[PDB]
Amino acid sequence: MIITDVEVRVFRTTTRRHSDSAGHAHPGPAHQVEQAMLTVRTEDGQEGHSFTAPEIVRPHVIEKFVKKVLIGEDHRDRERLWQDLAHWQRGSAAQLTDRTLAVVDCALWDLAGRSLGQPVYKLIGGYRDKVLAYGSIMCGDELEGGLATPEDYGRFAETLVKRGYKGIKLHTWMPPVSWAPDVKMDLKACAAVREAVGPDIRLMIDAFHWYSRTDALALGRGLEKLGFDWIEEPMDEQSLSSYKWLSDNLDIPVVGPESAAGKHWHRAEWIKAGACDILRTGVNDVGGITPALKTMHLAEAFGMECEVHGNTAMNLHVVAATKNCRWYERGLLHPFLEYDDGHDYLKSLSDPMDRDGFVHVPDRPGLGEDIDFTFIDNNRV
């Protein structure tokens, strides 16, 4: 159907999540944060929606790039439209980002699903209606009883096992935590968690993202003693060669790249060079559901797993449509916060999890985000 409108609505959500100056999430005081909803509408009035930070869909980007590509086009030509946006990034003075591509692609998928009364993963071609989640723990902090000590991680891990998680991923301490980073502290946290949960829970760590080769090597060696299942992004992913070196040295599987640019193209280079043992993708990291699927297929053709970064519907649907991914990433989690409480702007969870640790994909059309339109309207900026 012909796309007639692209609209952004900015509203305030009430949350206890804060992000530090380096972008890491932490629990803090309840406060209002601006959140944006992108809507694509067709001639018959059907809409698709997706959520992102206001800057990613600010008027500069919407007017200069997004509307020019989308308006007047058949909404179903997702490949053509994605490629059109992709070929405009180079000349965009660094303003047309993969994040912008992602929210646009997601809204187009939601539009197609809502139009047809079909969940996105079913339209793609379903693999699984439920999937194991790992509990993805927030970055370390200096909050007493929070994630300040190695024992704090151990205690929280016990809680996650009780909840039903069959896998747990630590994010350890990073600047601006005053004393961070420290390999020995990271390893103490990992050891506390292994001691707490025993050998039959799968454990992963996603550490400070800029350790030197020598520090990441020491971290990896320590993890092998604790039977961890993977090490994630312990070094600057801009150095492919460092990851090749680390993977060759470590027995423990290295997963990546999460944050590196270049979408599926650059991820092929990680396979080619042997820079990782497990690939990584994510809707936000590679510019949408469409390229995330490509990354999943790329990995599958090499007989590799590709673990999907990020919670929310958009990532869950990629995981549900593909086989070669062990988990959905559920979080980030913190003992001070109740993840299962959801968001004020959604009427129900996009990723409810049973007591056995399986997330069940909602049977709602599109991305299945149960949007509280009335709340958004009552809280506009």
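The first residue of the shown sequence is 1; numbering continues from there.
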Residue stretch of maximal mean CA temperature factor, 231-239 vs 112-120: 112-120
On average, which has the higher Cα B-factor in the deposited entry, 150-158 or 278-286? 150-158
If you check the C-alpha B-factor for each of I201, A301, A102, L170 in the entry, which is highest? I201
C-alpha B factor of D206, ranked within the chain: lowest, middle or highest third? middle
Would the CA B-factor of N315 place it in the lowest, middle or highest third of its chain? lowest
Among all modelled residues of this chain, ranked by Cα B factor, put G145 in the bottom, middle or top third, i.e. lowest, middle or highest. highest
Using the B-factors in the PDB entry, rank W179's C-alpha atom against the chain and give the third, lowest, middle or highest. highest
Third of the chain, ranked by Cα B-factor, where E224 sits: highest
